[PDB]
Amino acid sequence: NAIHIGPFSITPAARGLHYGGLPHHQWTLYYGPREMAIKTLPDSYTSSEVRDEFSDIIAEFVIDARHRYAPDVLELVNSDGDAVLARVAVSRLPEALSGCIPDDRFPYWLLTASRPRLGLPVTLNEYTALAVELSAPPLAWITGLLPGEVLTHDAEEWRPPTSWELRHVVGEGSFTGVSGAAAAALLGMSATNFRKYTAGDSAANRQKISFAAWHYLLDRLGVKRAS
Amino acid sequence: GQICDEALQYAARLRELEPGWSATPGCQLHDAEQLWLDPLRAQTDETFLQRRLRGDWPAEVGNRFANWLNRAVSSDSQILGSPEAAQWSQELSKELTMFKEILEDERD
Amino acid sequence: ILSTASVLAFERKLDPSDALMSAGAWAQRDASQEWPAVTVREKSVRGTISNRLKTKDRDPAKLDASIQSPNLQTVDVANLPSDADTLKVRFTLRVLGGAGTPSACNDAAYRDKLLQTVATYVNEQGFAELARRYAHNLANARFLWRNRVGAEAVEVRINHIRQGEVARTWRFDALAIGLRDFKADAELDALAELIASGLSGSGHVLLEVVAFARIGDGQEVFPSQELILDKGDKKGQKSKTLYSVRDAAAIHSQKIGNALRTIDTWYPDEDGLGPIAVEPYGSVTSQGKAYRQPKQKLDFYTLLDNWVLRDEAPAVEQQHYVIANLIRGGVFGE
Amino acid sequence: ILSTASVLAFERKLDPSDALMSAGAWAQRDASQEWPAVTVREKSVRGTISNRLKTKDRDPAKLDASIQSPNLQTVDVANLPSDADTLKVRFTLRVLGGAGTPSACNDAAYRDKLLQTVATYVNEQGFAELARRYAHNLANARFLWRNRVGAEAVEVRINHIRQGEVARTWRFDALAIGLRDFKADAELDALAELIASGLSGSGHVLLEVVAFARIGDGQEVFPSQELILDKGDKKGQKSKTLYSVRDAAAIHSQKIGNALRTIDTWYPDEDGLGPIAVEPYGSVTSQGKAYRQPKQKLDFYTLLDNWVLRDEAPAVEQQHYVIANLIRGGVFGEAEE
């Protein structure tokens, strides 16, 4: 009786033991193939208690993955160099940056927040254009946990995500927190036709999501901008 | 004021906790502040070094505690250029002066 | 569009060695190859409270109680021997050239702009003014800092060493050449042409600089003072430690380098005080004050930014100051 | 149908050792077996305020008050002795061969496709261009990084060591051979033949490289710089540490290895700058820039994927660059960053 919380799975050890006189089982928490933890929990534990034993490790994983794959931050400053006027989390860099110290020849500069700064002089209309073009969605860090060939725009190199990669973004335990019904309603599809995507093996009536549906779903969940 | 009292209580509990004052291998300035936090001279401790410790009170160790307080309180041109950081440093100096008076009351 | 680079680092030219100290008698200086090195020794010191304590204290009894403790310290000292009156200080100075190119830089366009700006400086005039002032600071024994004050006769022998042997010799009386003004002399101009040939990259310059200072028999010399830990007790050099290469008193090479680049006579606050060392916000630590203060537009950063970006090339004196700062090297970045 | 392997790792060829520094006098360069090592000492440094300031700073009271309280540091330093003017740098180098075989690989089809691609490279031309450039970087003492700059005379002795004794000796004037171009010379081409014999697996190449640089008496030499870890220090600790092997100042092995593979002249940006080290997205840290940027199709990964998967073999100098990156080794594949 395994337990699935998004991409995580908690499985018991198929033969218990007796600790302190009481029957126990070893539960292993996996994130895909990587084994994350082992606990020894008693029997007569409901599955909610088994979930709330590993919820702390799952939450620390979410904290570390959110901080590690955070998108970049550009800062709009004035001509002196201090006194930040605006910040924008970008998912890409504006391609014309090259290491600059702002002077008073131009009144608005766009620097990286990383310390050997790159920057560019802007004039509040091309800043708005760059911020509209390059901004990052509120859940861009989930793109750090995805293989990168399922996130590409090149249709020749794209391969459809597996069920485990699909469970990062769709499901009640996923990192977006969006159920299969709401994600079916986002794609204009029935809950059953969408549950066909989340089976796991191609024999049990599982077809793969298409290129346009996957990228539009990543757009609508707020994960990839998909311009 | 809570941190100064916690430091005073930790010094008092560390002084009462250790039975002797043990010599340390290669301990300069740790022994230098530990002489200010020292108990009485032991059998291993010399009467001359014990008399030198008893003669001079360790107020300079309190100055080192002020160096610890400057380590604790981050200061810069945002506080040094403003008027509130100087008042915060004055309050910290008054607390350090009260702690230095309480420390120097024992020795000497 | 062009802006200044965020990392910009220059390796220093005019590398000096560490200046070793030795001792001998005057007029034995032409056979001064076996002169023994000045040994750093230890001594005890115990003087009462001479520092200004908080005045108007109505307690003379605590003053008298503090006076009864001698506060014994142990002090490193360096004296001449009793049978020698001349201190011989020897180091080597290498002049390399290539003073415009940074060793690290972010922007390639700013790097090319700065390279061509130093190129137009070099085409407009050579390094001969800066090399003349550096040859003056080699000529007077300014690198003796406190070993020069109160000396009877100081003599500088400068050997240009092309191959393993000496190629040319210069000899100067370092008290004739003052520490104030920059004069002219044919031998000094020949040394300046050698230094300018080194700084232009037209040759490889290695100089051996020996200075003889007639101080007195058994007098006290002043090597570089080290940094002293406050961990130990009142013994074990509790107050003063002197820098030493192996059983020989010595001066730090950056002390020699600070004395060599004391050529800045163009700072706007005064000119009767004499030269100072070239620095961005050119400041002396002995006075605790900053000339080239950046409210005035004469610090190195504003001058270089106006020269390179806006093409507002400053006066030729300030151009000499900027190129002297690039010869000095540094970490110029945000 | 044939895709890249998810795991692909190559062990490096051209293994150098740590380069040890000793010091002596010139023309004792043949009796340089008992030359004492260059030791690493400490010294004190008092610093001014000589960096850029913010506009929150540069108020004159604040700047002068900053000049009042100075910064004192301890610094590791390395110099020659005052009676020696020659730096000697000695290391050993192993040329191994087997440059096409990966140390770890997922796909067997990718493995033997890559193996036969390297086999057609070796059949079309040997390692003679690559070994010529490697023997050039051995000949000019580029592994003296800053110890070469402004030196009077640099001389390189390379002893090919077959059994426990010398089998052959080369001698070069490293200031004659430039750091800019790759010339031809019969002794240098014999050394290139030996290195290409090692890279092809036909033999076992062990060289001992000794370099002599005439710097001057008491001047400062430059060993490798370590990385100092201090978290909340005492405001006068060390600010610079130097690498040393048994109290002998030394250069890291990967520093010597980065100076050996400075052979890439085929990068699309220019050729007036000179050769750079072979890297995927060929990048110099000093310029802060990436030549062979992958928006142009001249980085390592697009060239390798075109050559292996789709048989679009590039120009012969790009093939030289790709095989030099396979000699350099690396972790290629989907451990992507």
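No lab work stands behind these numbers, since they all come straight from the coordinates. Reconstructed Cβ throughout: ideal geometry from the backbone, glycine too, with neighbour counts over all protein chains shown.
Over the Cα atoms of chain D, Rg to Rh with Kirkwood Rh, two decimal places? Mind showing how you got there, number by number?
Values: Rg = 23.3 Å, Rh = 22.5 Å.
We get a ratio of 1.04 for chain D.
Which percent of Cα pairs goes in each bin when the distances of the range D:218-332 are cut into 10 angstrom slices starting at zero?
Distribution as computed: 11, 34, 24, 18, 11, 2, 0 percent.
If the cut-off is 29 Å between C-alpha atoms, which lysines fall inside it for residue A:39, apart from same-chain ones fewer than 8 positions away?
none
Once the dipole of chain D is set up with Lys and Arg at +1 and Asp and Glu at -1 on Cβ about the Cα centre, which of D:121, D:17, D:104 lies farthest towards its positive end?
D:17
How long are the semi-axes of the equivalent ellipsoid of the range A:91-131, taking √(5λ) for every eigenvalue λ of the Cα gyration tensor, in whole Å from largest down? Present the calculation step by step, with values, prior to reporting the outcome.
On the way: eigenvalues 44, 44, 11 Å².
Semi-axis lengths for the range A:91-131 are 15, 15, 7 Å.
After finding the eigenvalues of the alpha carbon gyration tensor for the range B:34-108, what semi-axes result from the square roots of 5 times each, listed largest first in whole Å? Can you show the working numbers first?
Details: eigenvalues 237, 26, 11 Å².
Working through the eigenvalues yields semi-axes of 34, 11, 7 Å.
Report the Cα centroid-to-centroid distance between the range D:126-164 and the range D:232-271 in angstrom, as an integer.
Answer, in whole Å: 17.
Could you tell me which of the pairs B:94/C:62; D:56/D:231; B:100/C:43; D:43/D:255; C:43/D:234; D:62/D:240 are separated by over 30 angstrom between their Cα atoms in the structure shown? Don't skip to the answer; put the middle values down first.
On the way: B:94/C:62 23 Å; D:56/D:231 27 Å; B:100/C:43 34 Å; D:43/D:255 25 Å; C:43/D:234 28 Å; D:62/D:240 28 Å.
Beyond 30 Å: B:100/C:43.
If you place +1 on the Cβ of every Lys and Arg and -1 on the Cβ of every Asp and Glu, how big does the dipole about the Cα centre of chain A come out, in debye to the nearest 20?
660 debye
Of all alpha-carbon pairs in the range A:1-41, indicate the percentage at a distance above 18 angstrom.
On the way: 228 of 820 pairs.
Result: 28 percent of Cα pairs exceed 18 Å.
Note down, for the range A:47-91, the three equivalent ellipsoid semi-axes (square root of 5 times each alpha carbon gyration tensor eigenvalue), biggest first, whole angstrom. Show your work: numbers first, answer last.
Working: eigenvalues 317, 17, 10 Å².
Those come to 40, 9, 7 Å.
Projected area of the protein assembly as shown, taken from the Cα convex hull and averaged over every viewing direction, in nm²? Please list the in-between numbers first.
Values: hull surface 219.6 nm².
Across all orientations, the protein assembly as shown yields a mean hull projection of 54.9 nm².
If you project the alpha carbons of the range D:1-79 onto the principal axes, what extent comes out on each, in Å, largest first?
64, 62, 19
Kirkwood Rh and Cα-based Rg: tell me the resulting Rg over Rh for the range A:126-178, rounded to two decimals.
Working: Rg = 13.8 Å, Rh = 12.8 Å.
Result: Rg/Rh = 1.07.
If you wrap a convex hull around the Cα atoms of the range C:152-208, how much volume per residue is inside, in Å³?
So the per-residue Cα hull volume is 90 Å³.
To the nearest 20 debye, what charge dipole does chain B have about its Cα centre, counting +1 at the Cβ of each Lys and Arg and -1 at the Cβ of each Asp and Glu?
On the way: 11 positive and 20 negative charges, 47 e Å.
For this selection, approximately 220 debye.
Would you kindly compute the Cα radius of gyration of the range D:87-226 and its largest Cα-Cα separation (Dmax), both in Å?
Final numbers for Rg and Dmax: 17.8, 60 Å.
Once the principal axes of the Cα atoms of chain A are found, what is the range along each, listed largest first in whole angstroms?
78, 43, 27
For chain D, take the longest principal axis of its alpha carbons; what is the angle in degrees between that and the long axis of helix D:108-124, to the nearest 10 within 0 to 90?
90 degrees
How many partner chain Cβ atoms sit within 10 Å of a residue's Cβ in peptide C:264-275, on average, as a whole number? All intermediate terms of the calculation are to be shown ahead of the outcome.
Values: counts 0, 0, 0, 0, 0, 0, 0, 0, 0, 0, 0, 0.
For peptide C:264-275, the averaged partner shielding equals 0.
What list of whole percents do you get for P(r) of the range D:1-147, with Cα-Cα distances grouped in 10 Å bins up to the one holding the largest distance?
That works out to 8, 20, 18, 16, 18, 15, 5, 0, in percent per bin.
Long-range amide H contacts for residue C:240: which residues qualify at under 5 Å (H placed 1.01 Å from N, peptide plane, sequence gap of 5 or more or a different chain)?
Here the answer is C:76, since their amide H atoms fall under 5 Å of that of residue C:240.
Relative contact order of chain D, please, whole-number percent, based on alpha carbon pairs below 8 angstrom and at least 6 residues apart. Could you put the intermediate results ahead of the total?
On the way: 639 pairs, mean separation 90.5, N = 337.
Worked out over chain D, it gives 27 percent.
Counting pairs of alpha carbon atoms under 8 Å apart in space and at least six apart in sequence, what relative contact order in percent does the range C:1-112 give?
Values: 145 pairs, mean separation 57.2, N = 112.
Result for the range C:1-112 is 51 percent.
Based on Cβ point charges of +1 for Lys and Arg and -1 for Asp and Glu, what charge dipole magnitude is obtained for the protein assembly as shown about its Cα centre, in debye rounded to the nearest 20?
Working: 115 positive and 133 negative charges, 105 e Å.
Computed charge dipole of the protein assembly as shown: roughly 500 debye.
Stick to the Cα atoms of the range C:178-241, pair each with every other, and give me the Kirkwood hydrodynamic radius in Å at one decimal. Provide the component values of the computation, followed by the final result.
On the way: mean 1/r = 0.0592 Å⁻¹.
When all Cα pairs of the range C:178-241 are included, the Kirkwood radius is 16.9 Å.
How are the alpha carbon pair distances in the range D:232-294 distributed across 5 Å bins from zero to the largest one, expressed in percent?
Final binned percentages: 4, 13, 19, 15, 10, 12, 11, 8, 5, 2.
For the protein assembly as shown, with the dipole built from +1 on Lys and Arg beta-carbon atoms and -1 on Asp and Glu ones, taken about the Cα centre, which of C:154, B:63, A:151 lies farthest toward the positive end?
Among C:154, B:63, A:151, the one farthest towards the positive end of the dipole of the protein assembly as shown is B:63.
Cα convex hull of the range C:290-334: mean projected area in nm², to one decimal? Intermediate results must be reported in sequence, preceding the final value.
Values: hull surface 14.1 nm².
For the Cα atoms of the range C:290-334, the hull's average projected area reads 3.5 nm².
Given Cα pairs under 8 Å that are at least 6 residues apart, what percent is the relative contact order of chain A? Don't skip to the answer; put the middle values down first.
Values: 354 pairs, mean separation 33.5, N = 227.
For chain A, the relative contact order is 15 percent.
Cα atoms only, the range A:1-81: Rg and Dmax in Å?
Expressed in Å, the Cα Rg and Dmax of the range A:1-81 come to 19.6, 73.
Work out how far the C-alpha atoms of the range D:90-157 reach from end to end along every principal axis, then list the three figures in whole Å, largest first.
54, 26, 18
Could you point to the residue in D:319, D:218, D:70 farthest towards the positive end of chain D's charge dipole, with +1 and -1 charges on the Cβ of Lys/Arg and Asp/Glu respectively?
Comparing the listed Cα positions along the dipole, D:70 ranks first.
Pick from C:260, C:199, C:273: which is most flexible by mean-square fluctuation in a GNM of chain C where alpha carbon atoms under 10 Å apart are linked?
Result for chain C, Cα springs under 10 Å: C:273 fluctuates most.
Tell me the net charge near residue B:19. Cut-off is 15 Å between Cβ atoms, residue B:19 excluded, with +1 for each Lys or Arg and -1 for each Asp or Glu.
Values: positive: B:13, B:15, B:41; negative: B:16, B:18, B:38, B:45.
Computed value for this residue: -1.
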